[PDB]
file entry02.cif (mmCIF, C-alpha atoms)
data_data
loop_
_atom_site.label_atom_id
_atom_site.label_comp_id
_atom_site.auth_asym_id
_atom_site.auth_seq_id
_atom_site.Cartn_x
_atom_site.Cartn_y
_atom_site.Cartn_z
CA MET A 605 27.72 80.50 23.96
CA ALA A 606 28.27 79.29 20.49
CA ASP A 607 25.61 76.77 20.81
CA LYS A 608 23.06 79.44 20.99
CA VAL A 609 24.51 80.58 17.73
CA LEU A 610 24.50 77.13 16.48
CA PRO A 611 20.78 77.19 15.66
CA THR A 612 21.58 80.22 13.83
CA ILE A 613 23.89 78.58 11.45
CA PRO A 614 22.89 76.05 8.76
CA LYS A 615 23.97 74.02 5.76
CA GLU A 616 27.09 75.41 4.38
CA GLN A 617 28.13 77.24 7.47
CA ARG A 618 28.47 74.10 9.37
CA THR A 619 30.70 72.85 6.76
CA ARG A 620 33.17 75.62 6.88
CA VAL A 621 33.37 75.70 10.48
CA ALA A 622 33.45 71.95 10.50
CA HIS A 623 36.64 72.24 8.64
CA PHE A 624 37.84 74.60 11.26
CA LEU A 625 36.81 72.13 13.88
CA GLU A 626 38.57 69.48 12.10
CA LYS A 627 41.52 71.88 12.25
CA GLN A 628 40.95 72.11 15.94
CA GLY A 629 41.16 68.39 15.88
CA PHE A 630 37.86 68.14 17.45
CA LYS A 631 37.08 65.41 15.12
CA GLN A 632 34.28 63.93 17.12
CA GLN A 633 32.75 67.25 17.54
CA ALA A 634 33.52 67.84 13.94
CA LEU A 635 31.53 64.69 13.43
CA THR A 636 28.59 66.04 15.35
CA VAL A 637 28.30 69.04 13.09
CA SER A 638 29.25 66.98 10.07
CA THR A 639 27.27 68.05 7.12
CA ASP A 640 28.12 66.66 3.62
CA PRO A 641 28.11 63.06 2.51
CA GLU A 642 31.48 63.55 1.29
CA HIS A 643 32.36 65.55 4.23
CA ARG A 644 31.00 63.11 6.60
CA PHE A 645 32.59 60.40 4.68
CA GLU A 646 36.16 61.52 4.80
CA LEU A 647 35.81 62.49 8.37
CA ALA A 648 34.23 59.15 8.94
CA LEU A 649 37.37 57.60 7.56
CA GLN A 650 39.33 59.49 10.06
CA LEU A 651 36.77 58.91 12.74
CA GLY A 652 35.84 55.28 12.31
CA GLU A 653 32.30 55.15 13.85
CA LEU A 654 32.12 52.00 11.91
CA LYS A 655 28.53 51.16 11.91
CA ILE A 656 27.85 54.76 11.92
CA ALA A 657 29.93 55.22 8.83
CA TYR A 658 27.84 52.53 7.30
CA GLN A 659 24.69 54.46 7.93
CA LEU A 660 26.23 57.47 6.33
CA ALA A 661 27.07 55.20 3.48
CA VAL A 662 23.67 53.88 3.80
CA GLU A 663 23.57 52.53 0.40
CA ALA A 664 27.07 53.77 -0.27
CA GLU A 665 26.36 54.37 -3.88
CA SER A 666 29.95 53.85 -5.01
CA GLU A 667 32.16 50.87 -4.80
CA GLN A 668 34.88 53.39 -4.56
CA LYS A 669 33.53 54.19 -1.22
CA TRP A 670 33.56 50.56 -0.47
CA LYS A 671 37.05 50.16 -1.73
CA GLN A 672 38.34 53.00 0.33
CA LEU A 673 36.34 51.97 3.20
CA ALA A 674 37.36 48.35 2.85
CA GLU A 675 40.94 49.21 3.47
CA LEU A 676 39.86 51.18 6.48
CA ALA A 677 37.58 48.43 7.86
CA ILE A 678 40.17 45.90 7.44
CA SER A 679 42.48 48.11 9.40
CA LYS A 680 39.99 48.24 12.21
CA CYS A 681 39.78 44.56 11.83
CA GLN A 682 36.07 44.85 11.53
CA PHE A 683 35.96 42.01 9.11
CA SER A 684 32.55 40.42 9.68
CA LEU A 685 31.07 43.53 8.47
CA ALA A 686 34.05 44.18 6.20
CA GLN A 687 33.15 41.03 4.40
CA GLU A 688 29.67 42.26 4.20
CA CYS A 689 30.72 45.49 2.62
CA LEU A 690 33.37 43.98 0.50
CA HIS A 691 31.01 41.33 -0.47
CA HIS A 692 28.55 44.06 -1.01
CA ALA A 693 31.25 45.56 -3.14
CA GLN A 694 31.87 42.01 -4.31
CA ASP A 695 35.34 43.25 -4.64
CA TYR A 696 36.91 39.90 -5.04
CA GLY A 697 40.68 40.34 -4.81
CA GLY A 698 41.29 41.73 -1.27
CA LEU A 699 38.34 39.83 0.03
CA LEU A 700 39.90 36.67 -1.35
CA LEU A 701 43.03 37.32 0.63
CA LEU A 702 41.16 37.15 3.91
CA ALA A 703 38.86 34.41 2.87
CA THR A 704 41.61 32.24 1.71
CA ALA A 705 43.78 32.89 4.74
CA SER A 706 41.38 31.32 7.15
CA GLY A 707 40.03 29.29 4.18
CA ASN A 708 36.43 28.62 3.02
CA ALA A 709 34.29 26.63 0.53
CA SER A 710 31.24 28.78 0.88
CA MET A 711 33.21 31.74 -0.15
CA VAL A 712 34.39 29.56 -2.87
CA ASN A 713 30.90 28.70 -4.23
CA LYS A 714 29.76 32.29 -4.46
CA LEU A 715 33.14 33.15 -5.62
CA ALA A 716 32.94 30.28 -8.11
CA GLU A 717 30.11 32.06 -9.42
CA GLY A 718 32.42 34.99 -9.44
CA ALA A 719 35.17 32.95 -10.88
CA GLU A 720 32.99 32.51 -13.80
CA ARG A 721 32.67 36.23 -13.90
CA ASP A 722 36.21 37.34 -14.00
CA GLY A 723 37.31 37.04 -17.73
CA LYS A 724 40.84 35.72 -17.57
CA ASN A 725 41.05 32.01 -17.36
CA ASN A 726 43.67 31.42 -14.75
CA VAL A 727 42.23 32.48 -11.34
CA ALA A 728 39.14 30.50 -11.80
CA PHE A 729 41.17 27.43 -12.20
CA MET A 730 42.87 27.84 -8.80
CA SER A 731 39.53 28.12 -7.37
CA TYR A 732 38.34 24.97 -9.04
CA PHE A 733 41.28 23.14 -7.76
CA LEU A 734 41.09 24.80 -4.46
CA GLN A 735 37.62 23.56 -4.01
CA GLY A 736 38.85 20.31 -5.29
CA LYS A 737 37.07 19.92 -8.42
CA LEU A 738 38.77 18.55 -11.44
CA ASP A 739 35.55 18.69 -13.11
CA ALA A 740 35.27 22.36 -12.74
CA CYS A 741 38.77 22.92 -13.85
CA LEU A 742 38.19 20.82 -16.93
CA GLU A 743 34.85 22.46 -17.83
CA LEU A 744 36.51 25.78 -17.57
CA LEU A 745 39.18 24.69 -20.03
CA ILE A 746 36.53 23.77 -22.53
CA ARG A 747 35.53 27.29 -22.86
CA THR A 748 39.05 28.85 -23.01
CA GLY A 749 40.67 26.49 -25.46
CA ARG A 750 43.28 25.42 -22.99
CA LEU A 751 43.38 22.06 -24.75
CA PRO A 752 46.93 20.68 -24.34
CA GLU A 753 46.89 21.69 -20.75
CA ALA A 754 43.49 20.27 -20.06
CA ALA A 755 44.76 16.98 -21.16
CA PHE A 756 47.52 17.08 -18.54
CA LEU A 757 45.15 17.58 -15.72
CA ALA A 758 42.73 15.10 -17.13
CA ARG A 759 45.59 12.68 -17.15
CA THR A 760 47.22 13.45 -13.87
CA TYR A 761 44.49 13.28 -11.58
CA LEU A 762 42.42 11.15 -13.87
CA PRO A 763 38.89 11.82 -14.67
CA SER A 764 39.93 9.86 -17.86
CA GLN A 765 38.82 12.80 -19.79
CA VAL A 766 42.18 12.32 -21.31
CA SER A 767 40.48 9.88 -23.49
CA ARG A 768 37.60 12.12 -24.22
CA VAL A 769 39.43 15.32 -24.47
CA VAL A 770 42.32 13.92 -26.39
CA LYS A 771 40.08 12.97 -29.21
CA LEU A 772 38.84 16.47 -29.49
CA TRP A 773 42.26 18.12 -29.25
CA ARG A 774 43.50 15.72 -31.74
CA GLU A 775 40.60 16.70 -33.79
CA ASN A 776 41.77 20.22 -33.86
CA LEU A 777 45.02 18.94 -34.84
CA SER A 778 43.24 16.85 -37.24
CA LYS A 779 41.79 19.89 -38.74
CA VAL A 780 45.27 20.92 -39.19
CA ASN A 781 46.15 17.78 -40.87
CA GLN A 782 49.25 15.87 -41.16
CA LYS A 783 49.42 12.51 -39.56
CA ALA A 784 51.93 13.53 -37.01
CA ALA A 785 49.62 16.44 -36.41
CA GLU A 786 46.63 14.12 -36.07
CA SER A 787 48.40 11.88 -33.43
CA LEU A 788 46.54 8.76 -32.14
CA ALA A 789 45.78 6.17 -29.31
CA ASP A 790 44.12 5.60 -25.92
CA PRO A 791 44.10 1.97 -24.37
CA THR A 792 46.80 0.62 -26.68
CA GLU A 793 49.33 1.50 -29.37
CA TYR A 794 50.63 5.05 -29.10
CA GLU A 795 49.34 5.19 -25.63
CA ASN A 796 48.36 2.19 -23.70
CA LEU A 797 46.00 4.12 -21.21
CA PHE A 798 44.47 1.55 -19.00
CA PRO A 799 47.01 -1.14 -20.23
CA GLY A 800 49.90 1.01 -18.99
CA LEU A 801 48.36 0.68 -15.51
CA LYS A 802 50.12 3.45 -13.46
CA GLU A 803 49.01 6.57 -11.26
CA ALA A 804 45.73 8.50 -11.42
CA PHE A 805 42.83 6.14 -10.62
CA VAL A 806 41.40 3.04 -8.87
CA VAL A 807 39.16 2.13 -5.98
CA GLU A 808 41.03 1.11 -2.80
CA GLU A 809 43.23 4.11 -2.16
CA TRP A 810 40.32 5.96 -3.39
CA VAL A 811 38.02 4.47 -0.72
CA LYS A 812 40.44 5.37 1.96
CA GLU A 813 40.53 8.68 0.27
CA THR A 814 36.77 8.89 0.15
CA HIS A 815 36.78 8.98 3.77
CA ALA A 816 39.90 11.04 3.86
CA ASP A 817 38.26 13.92 2.16
CA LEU A 818 35.82 13.76 4.86
CA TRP A 819 38.15 13.89 7.97
CA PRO A 820 40.81 16.35 9.07
CA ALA A 821 44.28 14.93 8.61
CA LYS A 822 45.45 16.06 11.99
CA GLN A 823 48.58 16.78 13.77
CA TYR A 824 47.54 19.32 16.34
CA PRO A 825 45.33 22.29 15.30
CA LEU A 826 42.14 24.64 15.85
CA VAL A 827 38.27 24.84 14.99
CA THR A 828 39.58 25.74 11.63
CA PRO A 829 39.94 21.98 10.71
CA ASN A 830 43.02 19.92 9.32
CA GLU A 831 43.91 18.30 5.90
CA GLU A 832 47.80 18.50 5.62
CA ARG A 833 49.20 17.54 2.15
CA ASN A 834 52.85 16.58 2.37
CA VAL A 835 55.23 13.60 2.81
CA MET A 836 52.82 11.41 4.59
CA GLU A 837 50.29 12.08 2.04
CA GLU A 838 52.63 10.72 -0.58
CA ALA A 839 53.08 7.51 1.29
CA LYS A 840 49.47 6.61 1.98
CA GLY A 841 48.58 7.72 -1.42
CA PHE A 842 50.81 5.28 -2.99
CA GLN A 843 49.65 2.46 -0.76
CA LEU B 703 56.26 25.32 -15.38
CA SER B 704 55.38 25.29 -11.77
CA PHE B 705 51.90 24.66 -12.86
CA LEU B 706 53.09 21.76 -14.86
CA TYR B 707 54.77 20.44 -11.84
CA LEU B 708 51.77 20.66 -9.63
CA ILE B 709 49.62 19.22 -12.36
CA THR B 710 51.67 16.11 -12.31
CA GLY B 711 51.56 14.63 -8.79
CA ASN B 712 55.04 15.22 -7.46
CA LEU B 713 56.33 17.67 -4.97
CA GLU B 714 59.89 19.13 -5.06
CA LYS B 715 60.43 21.07 -8.19
CA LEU B 716 57.84 23.46 -7.47
CA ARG B 717 59.26 23.94 -4.08
CA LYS B 718 62.71 24.96 -5.22
CA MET B 719 61.11 27.19 -7.70
CA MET B 720 58.95 28.52 -4.92
CA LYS B 721 62.06 29.27 -3.06
CA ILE B 722 63.50 30.96 -5.97
CA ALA B 723 60.72 33.30 -6.58
CA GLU B 724 59.76 33.84 -2.99
CA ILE B 725 63.36 34.81 -2.75
CA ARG B 726 62.56 37.15 -5.54
CA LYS B 727 60.14 39.17 -3.42
CA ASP B 728 56.18 38.73 -3.32
CA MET B 729 52.85 40.20 -1.80
CA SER B 730 50.40 37.99 -3.64
CA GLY B 731 52.00 34.75 -4.90
CA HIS B 732 52.88 32.58 -1.89
CA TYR B 733 49.53 31.17 -2.41
CA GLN B 734 50.97 29.17 -5.22
CA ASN B 735 53.13 27.18 -2.84
CA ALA B 736 50.54 26.55 -0.19
CA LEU B 737 47.51 24.70 -1.59
CA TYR B 738 48.82 21.51 -3.00
CA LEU B 739 50.81 21.40 0.11
CA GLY B 740 49.65 21.30 3.55
CA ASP B 741 52.61 22.86 5.36
CA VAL B 742 54.26 26.16 4.27
CA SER B 743 57.29 27.98 5.37
CA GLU B 744 56.11 30.98 3.55
CA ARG B 745 54.35 31.79 6.75
CA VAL B 746 57.66 32.63 8.35
CA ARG B 747 58.13 35.27 5.65
CA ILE B 748 54.46 36.14 5.31
CA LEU B 749 54.05 37.35 8.80
CA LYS B 750 56.76 39.82 8.08
CA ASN B 751 54.71 41.23 5.13
CA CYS B 752 51.62 41.22 7.23
CA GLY B 753 52.95 41.00 10.75
CA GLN B 754 49.54 41.78 12.24
CA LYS B 755 49.32 38.33 13.78
CA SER B 756 46.08 38.19 11.91
CA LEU B 757 47.34 36.31 8.94
CA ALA B 758 49.54 34.47 11.16
CA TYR B 759 46.59 33.18 13.25
CA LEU B 760 44.33 32.35 10.30
CA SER B 761 47.04 30.41 8.79
CA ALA B 762 48.59 29.29 12.06
CA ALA B 763 46.02 27.55 14.03
CA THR B 764 45.75 24.11 12.39
CA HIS B 765 49.32 22.79 12.67
CA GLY B 766 48.44 23.36 16.23
CA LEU B 767 50.20 26.56 16.03
CA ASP B 768 47.56 29.53 16.35
CA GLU B 769 49.45 30.38 19.40
CA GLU B 770 52.66 32.16 18.23
CA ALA B 771 50.33 34.31 16.14
CA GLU B 772 48.63 35.21 19.32
CA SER B 773 51.90 35.87 21.19
CA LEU B 774 52.97 38.71 18.97
CA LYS B 775 49.40 39.87 18.60
CA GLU B 776 49.22 40.48 22.26
CA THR B 777 52.65 42.05 22.38
CA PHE B 778 51.65 44.62 19.89
CA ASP B 779 48.63 45.63 21.80
CA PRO B 780 46.17 43.50 19.71
CA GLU B 781 43.77 45.00 17.11
CA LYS B 782 41.66 42.02 15.98
CA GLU B 783 38.06 42.10 17.18
CA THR B 784 35.81 40.68 14.53
CA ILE B 785 36.33 38.13 11.71
CA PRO B 786 34.23 36.98 8.60
CA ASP B 787 33.08 33.31 7.71
CA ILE B 788 36.28 31.65 6.72
CA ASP B 789 36.81 28.49 8.62
CA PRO B 790 38.80 26.14 6.37
CA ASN B 791 36.07 24.64 4.25
CA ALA B 792 37.35 24.13 0.51
CA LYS B 793 39.16 20.94 -0.83
CA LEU B 794 42.78 21.00 -1.55
CA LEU B 795 42.51 17.52 -2.94
CA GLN B 796 43.30 15.64 -6.22
CA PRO B 797 46.25 14.25 -8.20
CA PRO B 798 47.11 10.80 -8.91
CA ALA B 799 46.87 7.71 -6.64
CA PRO B 800 48.04 4.44 -8.40
CA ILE B 801 46.65 3.32 -11.86
CA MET B 802 46.05 5.88 -14.60
CA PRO B 803 49.07 8.35 -14.26
CA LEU B 804 50.50 11.70 -13.73
CA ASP B 805 52.48 12.71 -16.80
CA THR B 806 56.01 13.72 -16.24
CA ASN B 807 56.51 12.57 -19.70
CA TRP B 808 53.93 11.99 -22.12
CA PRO B 809 54.04 9.48 -24.86
CA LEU B 810 52.17 9.84 -28.18
CA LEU B 811 52.84 8.71 -31.87
CA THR B 812 52.65 10.36 -35.34
CA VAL B 813 50.09 7.67 -36.01
#
call {"tool": "encode", "arguments": {"input": "entry02.cif", "output": "structure tokens"}}
result
Amino acid sequence: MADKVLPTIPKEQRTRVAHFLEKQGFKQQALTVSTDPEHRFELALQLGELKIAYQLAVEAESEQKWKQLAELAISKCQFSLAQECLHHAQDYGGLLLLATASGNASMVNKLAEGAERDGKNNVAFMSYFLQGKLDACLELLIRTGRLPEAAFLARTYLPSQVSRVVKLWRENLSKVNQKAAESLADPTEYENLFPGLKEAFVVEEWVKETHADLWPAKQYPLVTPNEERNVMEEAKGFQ
Amino acid sequence: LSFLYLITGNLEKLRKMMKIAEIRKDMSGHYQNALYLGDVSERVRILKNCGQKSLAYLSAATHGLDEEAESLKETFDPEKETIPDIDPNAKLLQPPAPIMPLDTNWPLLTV
């Protein structure tokens, strides 16, 4: 009966009543009438026509929508898309949590790009590492003035930037003269670098490694490939 | 300090520390223990924070252990239905094979 009336209601009317309908709990039906982007939106949150919600979003026109929505999407476990929205949002933090949990390089490159974006030094490093990229970690340091720290990495996992880097750090120190403050040596004397001969470089292990990076470590797994990184690793690594 | 420990090419100290801060709660931090590692135990805890078998699967599958994550997931009345890219594809690799150190201890000189 009402439907005959329905033509003979418009804009705003629909809204009020929609709220009534919503009160009725005739959410779907409430959806059908739906009439305000906001109105549609909130209801949409309740409702979850997911795709449908997207169309309403269309171009959302507010990350806040995406943020709100992201939580919702994620709940529905409509991730493929969620990723698209979140990505669309480029809302890195939550998105990272998923991306990381299954794992992914690709995410990492784009993200790397992002990593560059973020404005505090630390996250970006994990990324660089995570990717496996000393190089990236070290380059990053150059901008931030992480210098003592950069040396440790450069030493540990040797890109022998310890030599290069140390000179520069030392130079800062140098600026701030005093001989102790200057501090000096790479192959020999103070440090014996390559003459010490101990644990962050060489070819053979490295060759084995070269491959290693390429295969999946294995134990028993899924399509989501292996790498391990534990006891075993220590042993071969020494070899 | 943990960072120093992972920088260096050795494994325990971070792990006790990991215990002792895991043990001091967490929602975003477990991550620290996992990467340089393969294996994590965090997952036992983690699932409890999540507990949607989702995290548990994503994480799970490779030790050849996707499976328990599914068992619960089913029990619940599952809710997963779509996923995004993420297939383990970034390198947790680097650190210190023989010749050209670590640095537990770092020598220098005033000279």
call {"tool": "closest_residue", "arguments": {"input": "entry02.cif", "among": "A:728, A:777, A:826, A:789", "to": "residue 809 in chain B", "atoms": "only C-alpha atoms"}}
result
A:789
call {"tool": "atom_distance", "arguments": {"input": "entry02.cif", "atom1": "CA of residue 714 in chain A", "atom2": "CA of residue 694 in chain A"}}
result
9.9 Å
call {"tool": "atom_distance", "arguments": {"input": "entry02.cif", "atom1": "CA of residue 685 in chain A", "atom2": "CA of residue 718 in chain A"}}
result
19.9 Å
call {"tool": "closest_residue", "arguments": {"input": "entry02.cif", "among": "B:709, B:748, B:733, B:773", "to": "chain A", "atoms": "all atoms listed in the file"}}
result
B:709
call {"tool": "residues_around", "arguments": {"input": "entry02.cif", "residues": "residue 740 in chain B", "least_positions_apart": "4", "cutoff": "7 Å", "atoms": "only C-alpha atoms", "output": "ChimeraX atom specification"}}
result
/A:831-834 /B:736
call {"tool": "atom_distance", "arguments": {"input": "entry02.cif", "atom1": "CA of residue 761 in chain B", "atom2": "CA of residue 742 in chain B"}}
result
9.5 Å
call {"tool": "resolve_selection", "arguments": {"input": "entry02.cif", "expression": "the PyMOL selection byres ((chain B) within 8 of (chain A))", "output": "ChimeraX atom specification"}}
result
/B:709-711,737-741,757,760-761,763-768,781-805,809-813
call {"tool": "axis_aligned_box", "arguments": {"input": "entry02.cif", "around": "range 796-805 of chain A", "padding_each_side": "3 Å", "output": "JSON"}}
result
{"center_x": 46.5, "center_y": 3.7, "center_z": -17.2, "size_x": 13.3, "size_y": 15.6, "size_z": 19.1}
call {"tool": "resolve_selection", "arguments": {"input": "entry02.cif", "expression": "the PyMOL selection byres ((chain A and resi 750) around 12)", "output": "ChimeraX atom specification"}}
result
/A:724-726,729,741-749,751-758,769,772-773
